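Colleague: One file is attached below, my_file_36.cif, containing mmCIF, C-alpha atoms and all ligand atoms; chains and numbers go by the auth columns.
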data_entry
loop_
_atom_site.group_PDB
_atom_site.id
_atom_site.type_symbol
_atom_site.label_atom_id
_atom_site.label_comp_id
_atom_site.label_asym_id
_atom_site.label_seq_id
_atom_site.Cartn_x
_atom_site.Cartn_y
_atom_site.Cartn_z
_atom_site.B_iso_or_equiv
_atom_site.auth_seq_id
_atom_site.auth_asym_id
ATOM 1 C CA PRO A 1 -1.547 -1.011 -2.279 0.00 1 A
ATOM 2 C CA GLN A 2 -0.146 -2.000 1.109 0.00 2 A
ATOM 3 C CA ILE A 3 -2.647 -1.578 3.957 0.00 3 A
ATOM 4 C CA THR A 4 -1.905 -1.488 7.732 0.00 4 A
ATOM 5 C CA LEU A 5 -4.369 -2.790 10.321 0.00 5 A
ATOM 6 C CA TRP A 6 -4.968 0.132 12.738 0.00 6 A
ATOM 7 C CA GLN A 7 -8.298 0.642 10.942 0.00 7 A
ATOM 8 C CA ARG A 8 -10.719 -2.072 9.767 0.00 8 A
ATOM 9 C CA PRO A 9 -9.554 -2.945 6.171 0.00 9 A
ATOM 10 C CA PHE A 10 -12.677 -1.707 4.261 0.00 10 A
ATOM 11 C CA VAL A 11 -12.421 -1.282 0.438 0.00 11 A
ATOM 12 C CA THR A 12 -14.981 0.064 -2.058 0.00 12 A
ATOM 13 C CA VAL A 13 -16.510 -2.703 -4.114 0.00 13 A
ATOM 14 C CA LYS A 14 -18.890 -2.731 -7.090 0.00 14 A
ATOM 15 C CA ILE A 15 -21.120 -5.697 -7.752 0.00 15 A
ATOM 16 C CA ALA A 16 -23.866 -5.789 -10.391 0.00 16 A
ATOM 17 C CA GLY A 17 -23.968 -2.016 -10.694 0.00 17 A
ATOM 18 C CA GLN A 18 -24.174 -1.539 -6.863 0.00 18 A
ATOM 19 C CA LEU A 19 -21.478 0.147 -4.734 0.00 19 A
ATOM 20 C CA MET A 20 -20.568 -0.827 -1.156 0.00 20 A
ATOM 21 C CA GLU A 21 -17.698 -1.074 1.323 0.00 21 A
ATOM 22 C CA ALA A 22 -16.467 -4.537 2.271 0.00 22 A
ATOM 23 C CA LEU A 23 -13.983 -5.916 4.746 0.00 23 A
ATOM 24 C CA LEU A 24 -10.821 -7.641 3.456 0.00 24 A
ATOM 25 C CA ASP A 25 -11.167 -10.649 5.667 0.00 25 A
ATOM 26 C CA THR A 26 -8.332 -13.209 5.846 0.00 26 A
ATOM 27 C CA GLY A 27 -10.297 -15.160 8.500 0.00 27 A
ATOM 28 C CA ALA A 28 -13.166 -15.797 6.055 0.00 28 A
ATOM 29 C CA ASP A 29 -13.251 -18.708 3.571 0.00 29 A
ATOM 30 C CA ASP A 30 -16.137 -17.160 1.685 0.00 30 A
ATOM 31 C CA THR A 31 -17.472 -13.788 0.618 0.00 31 A
ATOM 32 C CA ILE A 32 -20.690 -12.654 2.255 0.00 32 A
ATOM 33 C CA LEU A 33 -22.816 -9.593 1.501 0.00 33 A
ATOM 34 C CA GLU A 34 -25.545 -7.811 3.482 0.00 34 A
ATOM 35 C CA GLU A 35 -29.178 -9.007 3.286 0.00 35 A
ATOM 36 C CA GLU A 36 -30.284 -5.942 1.276 0.00 36 A
ATOM 37 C CA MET A 37 -28.003 -7.007 -1.602 0.00 37 A
ATOM 38 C CA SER A 38 -30.179 -7.834 -4.599 0.00 38 A
ATOM 39 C CA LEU A 39 -28.441 -10.253 -6.997 0.00 39 A
ATOM 40 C CA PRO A 40 -30.203 -11.735 -10.058 0.00 40 A
ATOM 41 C CA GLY A 41 -30.267 -15.455 -10.987 0.00 41 A
ATOM 42 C CA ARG A 42 -30.606 -18.910 -9.448 0.00 42 A
ATOM 43 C CA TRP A 43 -29.031 -19.778 -6.096 0.00 43 A
ATOM 44 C CA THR A 44 -28.570 -22.778 -3.842 0.00 44 A
ATOM 45 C CA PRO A 45 -29.543 -22.657 -0.117 0.00 45 A
ATOM 46 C CA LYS A 46 -26.574 -22.841 2.232 0.00 46 A
ATOM 47 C CA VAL A 47 -25.771 -22.104 5.877 0.00 47 A
ATOM 48 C CA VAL A 48 -22.525 -20.493 7.127 0.00 48 A
ATOM 49 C CA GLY A 49 -20.975 -20.800 10.601 0.00 49 A
ATOM 50 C CA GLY A 50 -19.152 -18.311 12.786 0.00 50 A
ATOM 51 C CA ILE A 51 -18.898 -16.673 16.184 0.00 51 A
ATOM 52 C CA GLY A 52 -22.418 -16.802 17.608 0.00 52 A
ATOM 53 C CA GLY A 53 -23.489 -19.792 15.576 0.00 53 A
ATOM 54 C CA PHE A 54 -24.887 -20.298 12.110 0.00 54 A
ATOM 55 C CA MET A 55 -26.762 -18.261 9.541 0.00 55 A
ATOM 56 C CA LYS A 56 -28.765 -19.077 6.429 0.00 56 A
ATOM 57 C CA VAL A 57 -27.520 -17.675 3.077 0.00 57 A
ATOM 58 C CA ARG A 58 -28.164 -17.657 -0.701 0.00 58 A
ATOM 59 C CA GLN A 59 -25.214 -18.967 -2.686 0.00 59 A
ATOM 60 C CA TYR A 60 -24.655 -17.163 -6.020 0.00 60 A
ATOM 61 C CA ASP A 61 -22.036 -18.628 -8.367 0.00 61 A
ATOM 62 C CA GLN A 62 -19.928 -16.787 -10.958 0.00 62 A
ATOM 63 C CA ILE A 63 -20.585 -13.223 -9.802 0.00 63 A
ATOM 64 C CA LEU A 64 -18.372 -10.422 -11.079 0.00 64 A
ATOM 65 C CA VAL A 65 -16.947 -8.306 -8.230 0.00 65 A
ATOM 66 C CA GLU A 66 -14.868 -5.167 -8.770 0.00 66 A
ATOM 67 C CA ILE A 67 -12.573 -4.762 -5.699 0.00 67 A
ATOM 68 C CA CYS A 68 -10.369 -1.611 -5.813 0.00 68 A
ATOM 69 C CA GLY A 69 -10.893 -1.740 -9.641 0.00 69 A
ATOM 70 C CA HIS A 70 -9.489 -5.303 -9.947 0.00 70 A
ATOM 71 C CA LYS A 71 -12.098 -7.551 -11.607 0.00 71 A
ATOM 72 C CA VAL A 72 -12.684 -10.947 -10.002 0.00 72 A
ATOM 73 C CA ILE A 73 -15.295 -13.675 -10.445 0.00 73 A
ATOM 74 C CA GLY A 74 -16.480 -16.117 -7.851 0.00 74 A
ATOM 75 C CA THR A 75 -19.153 -17.339 -5.516 0.00 75 A
ATOM 76 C CA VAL A 76 -20.815 -14.696 -3.351 0.00 76 A
ATOM 77 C CA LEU A 77 -23.059 -15.503 -0.350 0.00 77 A
ATOM 78 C CA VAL A 78 -25.945 -13.201 0.576 0.00 78 A
ATOM 79 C CA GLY A 79 -27.555 -13.062 4.007 0.00 79 A
ATOM 80 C CA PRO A 80 -28.029 -11.205 7.278 0.00 80 A
ATOM 81 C CA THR A 81 -24.287 -10.607 7.953 0.00 81 A
ATOM 82 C CA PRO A 82 -23.338 -7.529 10.057 0.00 82 A
ATOM 83 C CA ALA A 83 -20.642 -6.585 7.505 0.00 83 A
ATOM 84 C CA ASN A 84 -19.879 -7.094 3.863 0.00 84 A
ATOM 85 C CA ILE A 85 -16.963 -9.588 3.910 0.00 85 A
ATOM 86 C CA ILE A 86 -14.475 -10.426 1.133 0.00 86 A
ATOM 87 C CA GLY A 87 -13.154 -13.918 1.919 0.00 87 A
ATOM 88 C CA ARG A 88 -10.145 -15.872 0.667 0.00 88 A
ATOM 89 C CA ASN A 89 -12.075 -17.118 -2.414 0.00 89 A
ATOM 90 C CA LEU A 90 -11.898 -13.567 -3.814 0.00 90 A
ATOM 91 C CA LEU A 91 -8.815 -12.350 -1.952 0.00 91 A
ATOM 92 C CA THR A 92 -6.688 -14.942 -3.791 0.00 92 A
ATOM 93 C CA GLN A 93 -7.827 -13.477 -7.148 0.00 93 A
ATOM 94 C CA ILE A 94 -6.485 -9.993 -6.305 0.00 94 A
ATOM 95 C CA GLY A 95 -3.075 -11.447 -5.282 0.00 95 A
ATOM 96 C CA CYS A 96 -3.746 -10.565 -1.643 0.00 96 A
ATOM 97 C CA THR A 97 -1.065 -11.598 0.878 0.00 97 A
ATOM 98 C CA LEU A 98 -0.450 -11.056 4.589 0.00 98 A
ATOM 99 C CA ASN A 99 2.990 -9.572 5.426 0.00 99 A
ATOM 100 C CA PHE A 100 4.814 -9.303 8.781 0.00 100 A
ATOM 101 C CA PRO B 1 7.121 -13.906 6.234 0.00 1 B
ATOM 102 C CA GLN B 2 4.874 -13.223 3.237 0.00 2 B
ATOM 103 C CA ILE B 3 1.791 -15.475 3.269 0.00 3 B
ATOM 104 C CA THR B 4 -0.724 -16.166 0.440 0.00 4 B
ATOM 105 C CA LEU B 5 -4.377 -16.991 1.044 0.00 5 B
ATOM 106 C CA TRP B 6 -5.058 -20.266 -0.853 0.00 6 B
ATOM 107 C CA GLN B 7 -5.136 -21.879 2.585 0.00 7 B
ATOM 108 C CA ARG B 8 -6.412 -20.527 5.940 0.00 8 B
ATOM 109 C CA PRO B 9 -3.604 -18.346 7.482 0.00 9 B
ATOM 110 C CA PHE B 10 -2.960 -20.346 10.713 0.00 10 B
ATOM 111 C CA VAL B 11 0.198 -19.651 12.758 0.00 11 B
ATOM 112 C CA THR B 12 1.572 -21.387 15.851 0.00 12 B
ATOM 113 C CA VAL B 13 1.131 -19.281 18.961 0.00 13 B
ATOM 114 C CA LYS B 14 2.313 -19.675 22.536 0.00 14 B
ATOM 115 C CA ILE B 15 0.242 -18.179 25.322 0.00 15 B
ATOM 116 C CA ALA B 16 1.032 -18.811 29.008 0.00 16 B
ATOM 117 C CA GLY B 17 3.086 -21.928 28.269 0.00 17 B
ATOM 118 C CA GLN B 18 0.344 -23.448 26.047 0.00 18 B
ATOM 119 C CA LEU B 19 0.733 -23.976 22.281 0.00 19 B
ATOM 120 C CA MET B 20 -2.066 -23.634 19.723 0.00 20 B
ATOM 121 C CA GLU B 21 -2.712 -22.660 16.117 0.00 21 B
ATOM 122 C CA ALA B 22 -4.554 -19.385 15.465 0.00 22 B
ATOM 123 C CA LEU B 23 -6.053 -17.706 12.420 0.00 23 B
ATOM 124 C CA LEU B 24 -4.457 -14.404 11.298 0.00 24 B
ATOM 125 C CA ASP B 25 -7.746 -12.600 10.983 0.00 25 B
ATOM 126 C CA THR B 26 -7.909 -9.106 9.416 0.00 26 B
ATOM 127 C CA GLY B 27 -11.734 -9.109 9.787 0.00 27 B
ATOM 128 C CA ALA B 28 -11.467 -9.409 13.589 0.00 28 B
ATOM 129 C CA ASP B 29 -11.034 -6.365 15.846 0.00 29 B
ATOM 130 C CA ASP B 30 -10.295 -8.600 18.783 0.00 30 B
ATOM 131 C CA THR B 31 -8.316 -11.761 19.515 0.00 31 B
ATOM 132 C CA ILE B 32 -10.417 -14.720 20.735 0.00 32 B
ATOM 133 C CA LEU B 33 -9.332 -18.195 21.928 0.00 33 B
ATOM 134 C CA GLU B 34 -11.155 -21.535 22.246 0.00 34 B
ATOM 135 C CA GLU B 35 -13.253 -22.259 25.361 0.00 35 B
ATOM 136 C CA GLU B 36 -10.700 -24.697 26.906 0.00 36 B
ATOM 137 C CA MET B 37 -7.899 -22.112 27.069 0.00 37 B
ATOM 138 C CA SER B 38 -7.017 -21.648 30.738 0.00 38 B
ATOM 139 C CA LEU B 39 -5.826 -18.105 31.475 0.00 39 B
ATOM 140 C CA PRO B 40 -4.939 -16.955 35.004 0.00 40 B
ATOM 141 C CA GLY B 41 -6.163 -13.787 36.715 0.00 41 B
ATOM 142 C CA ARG B 42 -9.243 -11.614 36.925 0.00 42 B
ATOM 143 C CA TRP B 43 -11.432 -10.752 33.941 0.00 43 B
ATOM 144 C CA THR B 44 -14.493 -8.752 32.976 0.00 44 B
ATOM 145 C CA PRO B 45 -17.666 -10.125 31.295 0.00 45 B
ATOM 146 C CA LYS B 46 -18.044 -9.113 27.676 0.00 46 B
ATOM 147 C CA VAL B 47 -20.045 -10.287 24.694 0.00 47 B
ATOM 148 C CA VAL B 48 -18.721 -10.399 21.082 0.00 48 B
ATOM 149 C CA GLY B 49 -20.736 -10.211 17.850 0.00 49 B
ATOM 150 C CA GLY B 50 -20.409 -11.962 14.508 0.00 50 B
ATOM 151 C CA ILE B 51 -22.043 -14.083 11.842 0.00 51 B
ATOM 152 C CA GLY B 52 -24.774 -16.004 13.662 0.00 52 B
ATOM 153 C CA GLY B 53 -25.228 -13.578 16.528 0.00 53 B
ATOM 154 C CA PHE B 54 -23.424 -12.999 19.800 0.00 54 B
ATOM 155 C CA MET B 55 -21.331 -15.016 22.229 0.00 55 B
ATOM 156 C CA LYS B 56 -20.265 -14.473 25.844 0.00 56 B
ATOM 157 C CA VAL B 57 -16.514 -14.166 26.567 0.00 57 B
ATOM 158 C CA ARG B 58 -14.002 -13.527 29.396 0.00 58 B
ATOM 159 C CA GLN B 59 -11.833 -10.484 28.739 0.00 59 B
ATOM 160 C CA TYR B 60 -8.214 -10.808 29.945 0.00 60 B
ATOM 161 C CA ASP B 61 -5.956 -7.741 29.733 0.00 61 B
ATOM 162 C CA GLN B 62 -2.197 -7.557 29.158 0.00 62 B
ATOM 163 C CA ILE B 63 -1.665 -11.193 28.135 0.00 63 B
ATOM 164 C CA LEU B 64 1.700 -12.140 26.618 0.00 64 B
ATOM 165 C CA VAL B 65 1.213 -13.827 23.253 0.00 65 B
ATOM 166 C CA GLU B 66 4.051 -15.253 21.189 0.00 66 B
ATOM 167 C CA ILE B 67 3.002 -15.261 17.512 0.00 67 B
ATOM 168 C CA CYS B 68 5.474 -16.828 15.031 0.00 68 B
ATOM 169 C CA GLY B 69 8.013 -15.900 17.776 0.00 69 B
ATOM 170 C CA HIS B 70 7.183 -12.144 17.888 0.00 70 B
ATOM 171 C CA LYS B 71 6.359 -11.199 21.453 0.00 71 B
ATOM 172 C CA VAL B 72 3.204 -9.100 21.783 0.00 72 B
ATOM 173 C CA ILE B 73 0.932 -8.105 24.687 0.00 73 B
ATOM 174 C CA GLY B 74 -2.742 -7.318 24.479 0.00 74 B
ATOM 175 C CA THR B 75 -6.265 -8.086 25.458 0.00 75 B
ATOM 176 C CA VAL B 76 -7.239 -11.679 24.665 0.00 76 B
ATOM 177 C CA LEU B 77 -10.880 -12.874 24.817 0.00 77 B
ATOM 178 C CA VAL B 78 -11.683 -16.482 25.749 0.00 78 B
ATOM 179 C CA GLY B 79 -14.980 -18.148 24.840 0.00 79 B
ATOM 180 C CA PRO B 80 -16.748 -20.813 22.779 0.00 80 B
ATOM 181 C CA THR B 81 -15.243 -19.687 19.429 0.00 81 B
ATOM 182 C CA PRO B 82 -14.954 -22.329 16.659 0.00 82 B
ATOM 183 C CA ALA B 83 -11.409 -21.091 15.856 0.00 83 B
ATOM 184 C CA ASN B 84 -8.561 -19.419 17.680 0.00 84 B
ATOM 185 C CA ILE B 85 -8.488 -15.923 16.133 0.00 85 B
ATOM 186 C CA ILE B 86 -5.726 -13.294 16.144 0.00 86 B
ATOM 187 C CA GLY B 87 -7.398 -9.933 15.608 0.00 87 B
ATOM 188 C CA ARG B 88 -6.071 -6.515 14.594 0.00 88 B
ATOM 189 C CA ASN B 89 -5.314 -5.575 18.241 0.00 89 B
ATOM 190 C CA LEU B 90 -2.393 -8.082 18.064 0.00 90 B
ATOM 191 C CA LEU B 91 -1.831 -7.998 14.277 0.00 91 B
ATOM 192 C CA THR B 92 -0.747 -4.322 14.413 0.00 92 B
ATOM 193 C CA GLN B 93 1.917 -5.293 16.970 0.00 93 B
ATOM 194 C CA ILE B 94 3.598 -7.771 14.612 0.00 94 B
ATOM 195 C CA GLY B 95 3.672 -5.152 11.806 0.00 95 B
ATOM 196 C CA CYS B 96 1.077 -7.132 9.845 0.00 96 B
ATOM 197 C CA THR B 97 -0.087 -5.584 6.578 0.00 97 B
ATOM 198 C CA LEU B 98 -2.354 -6.646 3.734 0.00 98 B
ATOM 199 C CA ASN B 99 -0.790 -6.441 0.279 0.00 99 B
ATOM 200 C CA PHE B 100 -2.410 -6.648 -3.169 0.00 100 B
HETATM 201 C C1 LIG C . -23.962 -8.947 15.889 0.00 201 C
HETATM 202 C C2 LIG C . -23.286 -7.831 15.094 0.00 201 C
HETATM 203 O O1 LIG C . -22.003 -7.613 15.633 0.00 201 C
HETATM 204 P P1 LIG C . -20.823 -6.866 14.799 0.00 201 C
HETATM 205 O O2 LIG C . -19.849 -6.197 15.935 0.00 201 C
HETATM 206 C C3 LIG C . -19.845 -8.122 13.857 0.00 201 C
HETATM 207 O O3 LIG C . -19.601 -7.784 12.470 0.00 201 C
HETATM 208 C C4 LIG C . -18.722 -8.681 11.942 0.00 201 C
HETATM 209 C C5 LIG C . -19.015 -10.040 11.948 0.00 201 C
HETATM 210 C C6 LIG C . -18.117 -10.972 11.426 0.00 201 C
HETATM 211 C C7 LIG C . -16.911 -10.543 10.896 0.00 201 C
HETATM 212 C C8 LIG C . -15.911 -11.553 10.312 0.00 201 C
HETATM 213 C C9 LIG C . -15.400 -12.532 11.381 0.00 201 C
HETATM 214 N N1 LIG C . -14.874 -11.745 12.492 0.00 201 C
HETATM 215 C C10 LIG C . -15.281 -11.888 13.748 0.00 201 C
HETATM 216 O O4 LIG C . -16.135 -12.701 14.100 0.00 201 C
HETATM 217 O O5 LIG C . -14.660 -11.093 14.658 0.00 201 C
HETATM 218 C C11 LIG C . -15.259 -10.999 15.950 0.00 201 C
HETATM 219 C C12 LIG C . -14.095 -10.830 16.889 0.00 201 C
HETATM 220 O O6 LIG C . -13.676 -9.453 16.739 0.00 201 C
HETATM 221 C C13 LIG C . -14.881 -8.665 16.498 0.00 201 C
HETATM 222 O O7 LIG C . -14.679 -7.816 15.330 0.00 201 C
HETATM 223 C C14 LIG C . -15.975 -7.723 14.695 0.00 201 C
HETATM 224 C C15 LIG C . -16.497 -9.151 14.749 0.00 201 C
HETATM 225 C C16 LIG C . -15.984 -9.665 16.096 0.00 201 C
HETATM 226 C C17 LIG C . -14.269 -13.432 10.872 0.00 201 C
HETATM 227 O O8 LIG C . -13.247 -12.602 10.323 0.00 201 C
HETATM 228 C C18 LIG C . -14.721 -14.408 9.792 0.00 201 C
HETATM 229 N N2 LIG C . -15.410 -15.591 10.339 0.00 201 C
HETATM 230 C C19 LIG C . -15.405 -15.605 11.808 0.00 201 C
HETATM 231 C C20 LIG C . -14.395 -16.621 12.313 0.00 201 C
HETATM 232 C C21 LIG C . -14.819 -18.043 11.990 0.00 201 C
HETATM 233 C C22 LIG C . -13.047 -16.334 11.682 0.00 201 C
HETATM 234 S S1 LIG C . -16.950 -15.568 9.814 0.00 201 C
HETATM 235 O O9 LIG C . -17.375 -14.151 9.553 0.00 201 C
HETATM 236 O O10 LIG C . -17.845 -16.180 10.860 0.00 201 C
HETATM 237 C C23 LIG C . -17.046 -16.526 8.333 0.00 201 C
HETATM 238 C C24 LIG C . -16.928 -15.920 7.086 0.00 201 C
HETATM 239 C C25 LIG C . -16.984 -16.689 5.930 0.00 201 C
HETATM 240 C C26 LIG C . -17.161 -18.066 6.013 0.00 201 C
HETATM 241 O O11 LIG C . -17.219 -18.802 4.876 0.00 201 C
HETATM 242 C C27 LIG C . -18.013 -19.978 5.040 0.00 201 C
HETATM 243 C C28 LIG C . -17.279 -18.682 7.256 0.00 201 C
HETATM 244 C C29 LIG C . -17.221 -17.909 8.410 0.00 201 C
HETATM 245 C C30 LIG C . -16.620 -9.182 10.883 0.00 201 C
HETATM 246 C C31 LIG C . -17.515 -8.255 11.400 0.00 201 C
HETATM 247 O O12 LIG C . -21.301 -5.695 13.827 0.00 201 C
HETATM 248 C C32 LIG C . -20.337 -4.698 13.461 0.00 201 C
HETATM 249 C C33 LIG C . -20.998 -3.564 12.677 0.00 201 C
#
For this file, produce the structure as structure tokens.
Ligand SMILES: CCOP(=O)(COc1ccc(C[C@H](NC(=O)O[C@H]2CO[C@H]3OCC[C@H]32)[C@H](O)CN(CC(C)C)S(=O)(=O)c2ccc(OC)cc2)cc1)OCC
Modeller:
Amino acid sequence: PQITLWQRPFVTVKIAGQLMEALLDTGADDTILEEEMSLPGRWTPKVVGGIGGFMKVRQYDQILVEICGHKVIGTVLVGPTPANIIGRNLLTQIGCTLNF
Amino acid sequence: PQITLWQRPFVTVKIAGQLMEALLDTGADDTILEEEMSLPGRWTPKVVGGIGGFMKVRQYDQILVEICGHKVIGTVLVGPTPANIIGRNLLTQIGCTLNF
């Protein structure tokens, strides 16, 4: 699909049996999910930086994400983000481009 | 142009005679510029929220921004952001879409 930007670009996403809306975020290197997200497995501690400073996150590798039905696999970060965010690591896998 | 997302989507912008690179940022409602940007005129205090918390910014209305040569006008926020950010308030004015 082609999506305009008068509304926040939320899509429905399915990760490990859970459903959620997430922001298609061209300004984000990495994908980050809300703190209530429960993902199984090992993870490595990491910290992510943004507007307002830094925040601590769990890094989960090789997670299957279904974004508008497209299946993608990549690293997902979990932590106290205000919004589920799909970053360029996953956006590249769905052939996402900016057009203007 | 059509732009892929294997690299951060920076464009060259020109704002009140100054040049800078700014991130085309679909996850941003608002446009924000680095703390050293000098904009003339009055402004109103505002605070912006993100990953890591909140930050204080100056809100300047009706600023002329030249983005890849498109002329647009909108509210620009200035404050201690780690990256110049073009948000959907200006992205909609350059006919910017997401495509996948
Ligand atoms: C305190 C709660 O306030 P909030 O209003 C903010 O909810 C957010 C937060 C962050 C983002 C993504 C970033 N946009 C954003 O900050 O926008 C600002 C300006 O406009 C406003 O729109 C909502 C957020 C304001 C931006 O697109 C991505 N990076 C920021 C910047 C460095 C580009 S990032 O999120 O810090 C990031 C992601 C992945 C990374 O990989 C390592 C690194 C960094 C979206 C929504 O809650 C709403 C319910």
Colleague: Applied to the shown file, which residues does the PyMOL selection byres (((not hetatm)) within 9 of (chain C and resi 201)) return, written as a ChimeraX atom specification?
Modeller: /A:8,23-32,47-54,77,81-88 /B:23-32,48-54,77,81-88
Colleague: Extract, using all atoms listed in the file, all DNA, RNA and protein residues at most 10 Å from residue 71 in chain B, discarding same-chain residues fewer than 2 positions from it, and format them as a list in words.
Modeller: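 Result of the neighbour search: residues 13, 14, 64, 65, 66, 67, 68, 69, 73, 90, 93 and 94 of chain B.
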Colleague: Identify which of the residues B:34, B:72, B:18, B:60 lies closest to residue 95 in chain B, counting all atoms listed in the file when measuring atom-to-atom distances.
Modeller: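 Closest residue, counting all atoms listed in the file: B:72.
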Colleague: Since I can't run it myself right now, could you work out what the PyMOL selection byres (((chain A and resi 99) around 8) and not hetatm) selects here and report it as a tab-separated table (two decimals) with C-alpha atoms, in the coordinates of the input?
Modeller:
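So part.tsv came out as:
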chain	number	residue	atom	x	y	z
A	97	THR	CA	-1.06	-11.60	0.88
A	98	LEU	CA	-0.45	-11.06	4.59
A	100	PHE	CA	4.81	-9.30	8.78
B	1	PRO	CA	7.12	-13.91	6.23
B	2	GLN	CA	4.87	-13.22	3.24
B	3	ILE	CA	1.79	-15.48	3.27
B	95	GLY	CA	3.67	-5.15	11.81
B	96	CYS	CA	1.08	-7.13	9.85
B	97	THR	CA	-0.09	-5.58	6.58
B	98	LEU	CA	-2.35	-6.65	3.73
B	99	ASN	CA	-0.79	-6.44	0.28
Colleague: Give me, please, the distance in Å between CA of residue 55 in chain A and CA of residue 74 in chain A, quoted to one decimal.
Modeller: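 About the pair CA of residue 55 in chain A and CA of residue 74 in chain A: they are 20.3 Å apart.
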